[PDB]
Every structure is written in C-alpha cells, then in structure tokens.
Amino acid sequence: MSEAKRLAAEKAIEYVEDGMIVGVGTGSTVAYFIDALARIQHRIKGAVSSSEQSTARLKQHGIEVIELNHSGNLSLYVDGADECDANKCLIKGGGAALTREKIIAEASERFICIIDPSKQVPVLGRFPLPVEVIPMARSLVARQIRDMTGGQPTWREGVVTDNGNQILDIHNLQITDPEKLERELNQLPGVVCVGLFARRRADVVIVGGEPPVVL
C-alpha cells in the first residue's frame, strides 16, 4: 500500500497554507507527508509533533518543531488512522501515540486524515481498539472494559508510550456506536486516552490512489 500512502500524503500537502504551523501525526503514512512537507518547508513556520518519533523525522528534514503550549491552537492537523468508518470515526493508536495525536487534533481547526483503502471498514473494531492506561490501573481497566463491552482486553506487554503509560488493546468489538463507547470509556479512572476519534473525528479523509478520493 506504499504507493497509496504516498499519494494520499501528497494530496494532503494541498491543505498546507503559507505561514502555517502544521500539526503532524505519527506512522508510516505520515512518513510520506513529512517527506513532502520538507519540500515546502520554506513556506511554513514549523510543525507541532504527536510523537518523539515524528519529532526526530521532522528534525531530520530540518523542519522546526514547536510545542503546542507555545503555538496555541492550529489550523491543520494531518495524521493517519488504523480504521475509518463511513461516518469518519476512527480507531487510532496502533503505534501507541494516540494521546498526543488526540490532543493536537483537538487543538486544530481541521483534521485531514490520510489512509490507504485497507483502512476503510463498515464497522470499527476488527483492528483492536487501543486504550492508554496508567500502569497501576491496567488490570482494573481491563476488567471494567470486559464487563462493559464483552470485548477481550490484552496488554501490549512491554510497550511504553511517550507519556510513560501502558496500552490495552480491546479485541472482538463491533463498535456501531463509537460516539457512545468513547464517552463511556473516557469515564474510567486510569484511562488516559481512548483510541476512538468520534467526539472529534476526521474532517477530511483522503484515500490514496490514482487519483486520491477525498471524503
């Protein structure tokens, strides 16, 4: 899907305007966007980064990285998704960076989501739902999620997020109501972030291909 990823990333460049501080996602599709952004870096002020990995990639291209606390709100955030449904609700966090992704997206006027066709699904959940948890809460949250959803939480054992937390991946869900599930999981003490983007979903979905399809 490398060509589809690159084509989606190049289409997203059309949304970058002179003088922007661009919010930058994480992952293999975003890698193509970082490479393309480097070619126009004379036109931008810099980037706010959703992961230490993305920060290193931006810096390797000479792009200035700015903290969200310093930039304030942004106009544009570009990132990928592990799954995207027909209502533009997403599962994110396959690379464990969901928390800073969700924060930067929240601070951005428009979220342009770049995907290849394999990410389009009719019902979220075949890709397990990532949930970032305070480590000492891990087993409690797993029990609660099992009780609430009937899904199967599994610790992504050994993975530590940029924020020092652990990840539970919730298997076997059919998330037909992501708005509700996100709101309910957000209430559990020890949950740091839920990998559903539904309260604040993608504004634009770019599906890579020749030509890209813009939803």
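The numbering used is simple: start at 1 and walk along the sequence shown.
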Between 139-147 and 102-110, point out the one with the higher average CA B-factor as the PDB entry records it.
139-147
Can you tell me which stretch has the higher mean Cα B-factor, 164-172 or 37-45?
37-45
Can you tell me which of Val159, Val30, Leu58, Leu185 has the highest Cα temperature factor in the record?
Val159
Quick check for you: using the entry's CA B-factors within this chain, is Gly62 in the lowest, middle or highest third?
highest
Chain-relative C-alpha B factor for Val194 (record values, thirds): the lowest
Would the CA B-factor of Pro117 place it in the lowest, middle or highest third of its chain?
highest
Using the temperature factors of the C-alpha atoms in this entry, rank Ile206 within its chain: lowest, middle or highest third.
middle
Third assignment of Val22 from its chain's C-alpha B-factors
middle
